[PDB]
Structure formats: C-alpha cells, structure tokens
>>> print(open('upload_25.pdb').read())   # PDB, C-alpha atoms
MODEL        1
ATOM      1  CA  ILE A 875      46.705   8.664  13.307  1.00  0.00           C
ATOM      2  CA  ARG A 876      43.609   6.571  14.091  1.00  0.00           C
ATOM      3  CA  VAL A 877      41.361   9.169  15.727  1.00  0.00           C
ATOM      4  CA  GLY A 878      39.558  10.780  12.766  1.00  0.00           C
ATOM      5  CA  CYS A 879      37.566   7.586  12.140  1.00  0.00           C
ATOM      6  CA  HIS A 880      36.249   6.868  15.653  1.00  0.00           C
ATOM      7  CA  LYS A 881      33.924   9.887  15.673  1.00  0.00           C
ATOM      8  CA  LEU A 882      32.413   8.820  12.346  1.00  0.00           C
ATOM      9  CA  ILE A 883      32.075   5.230  13.591  1.00  0.00           C
ATOM     10  CA  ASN A 884      30.316   6.110  16.851  1.00  0.00           C
ATOM     11  CA  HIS A 885      28.286   9.039  15.491  1.00  0.00           C
ATOM     12  CA  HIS A 886      24.533   8.977  16.056  1.00  0.00           C
ATOM     13  CA  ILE A 887      23.942   9.380  12.317  1.00  0.00           C
ATOM     14  CA  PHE A 888      26.101   6.361  11.362  1.00  0.00           C
ATOM     15  CA  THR A 889      24.429   4.016  13.867  1.00  0.00           C
ATOM     16  CA  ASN A 890      20.948   4.420  12.327  1.00  0.00           C
ATOM     17  CA  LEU A 891      21.807   4.309   8.611  1.00  0.00           C
ATOM     18  CA  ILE A 892      23.443   0.862   8.550  1.00  0.00           C
ATOM     19  CA  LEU A 893      20.655  -0.511  10.785  1.00  0.00           C
ATOM     20  CA  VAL A 894      18.213   0.166   7.942  1.00  0.00           C
ATOM     21  CA  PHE A 895      20.552  -1.053   5.190  1.00  0.00           C
ATOM     22  CA  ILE A 896      20.612  -4.412   6.988  1.00  0.00           C
ATOM     23  CA  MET A 897      16.790  -4.441   7.113  1.00  0.00           C
ATOM     24  CA  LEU A 898      16.630  -3.712   3.376  1.00  0.00           C
ATOM     25  CA  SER A 899      19.196  -6.451   2.701  1.00  0.00           C
ATOM     26  CA  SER A 900      17.183  -8.979   4.715  1.00  0.00           C
ATOM     27  CA  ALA A 901      13.971  -7.929   2.952  1.00  0.00           C
ATOM     28  CA  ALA A 902      15.659  -8.314  -0.441  1.00  0.00           C
ATOM     29  CA  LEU A 903      16.833 -11.777   0.602  1.00  0.00           C
ATOM     30  CA  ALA A 904      13.277 -12.663   1.667  1.00  0.00           C
ATOM     31  CA  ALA A 905      11.915 -11.630  -1.756  1.00  0.00           C
ATOM     32  CA  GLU A 906      14.029 -14.141  -3.700  1.00  0.00           C
ATOM     33  CA  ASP A 907      12.144 -16.470  -6.035  1.00  0.00           C
ATOM     34  CA  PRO A 908      12.955 -20.124  -5.226  1.00  0.00           C
ATOM     35  CA  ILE A 909      11.597 -21.745  -8.407  1.00  0.00           C
ATOM     36  CA  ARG A 910      12.435 -19.348 -11.241  1.00  0.00           C
ATOM     37  CA  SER A 911      16.205 -18.944 -11.111  1.00  0.00           C
ATOM     38  CA  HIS A 912      16.405 -17.329 -14.567  1.00  0.00           C
ATOM     39  CA  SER A 913      13.616 -14.802 -14.083  1.00  0.00           C
TER      40      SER A 913
ENDMDL
END
>>> encode(input="upload_25.pdb", output="structure tokens")
Amino acid sequence: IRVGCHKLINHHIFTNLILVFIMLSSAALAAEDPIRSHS
C-alpha cells in the first residue's frame, strides 16, 4: 500500500520542520570561509 506515507508527508508538523532545516542549511553555506580551506 502507498497510503500510510501521504498523511506524514502532508502533515502540518512535517511542513514546518523541513522549512527550517533548509534555512539552517543555507545559513551554514553562507558561513563558509572562502580563503582558509584547511581551517
């Protein structure tokens, strides 16, 4: 069956946790040091 995953996908809780993981990922990307590669 392929019904037990749709509720988890479209749940209100699961649409506001990944939206902050992506913000943290972008922030971590923005904090990279361009000069010091081995730092």
>>> axis_aligned_box(input="upload_25.pdb", around="region 902-911 of chain A", padding_each_side="4 Å", output="JSON")
{"center_x": 14.2, "center_y": -15.0, "center_z": -4.8, "size_x": 13.2, "size_y": 21.4, "size_z": 20.9}
>>> residues_around(input="upload_25.pdb", residues="residue 879 (chain A)", least_positions_apart="5", cutoff="12 Å", atoms="all atoms listed in the file", output="PyMOL selection string")
chain A and resi 884-885+888
>>> write_last_selection(input="upload_25.pdb", atoms="C-alpha atoms", output="compact mmCIF listing (two decimals), in the frame of the given file")
# COMPACT_ATOMS: atom_id res chain seq x y z
CA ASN A 884 30.32 6.11 16.85
CA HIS A 885 28.29 9.04 15.49
CA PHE A 888 26.10 6.36 11.36
>>> atom_distance(input="upload_25.pdb", atom1="CA of residue 889 (chain A)", atom2="CA of residue 877 (chain A)")
17.8 Å
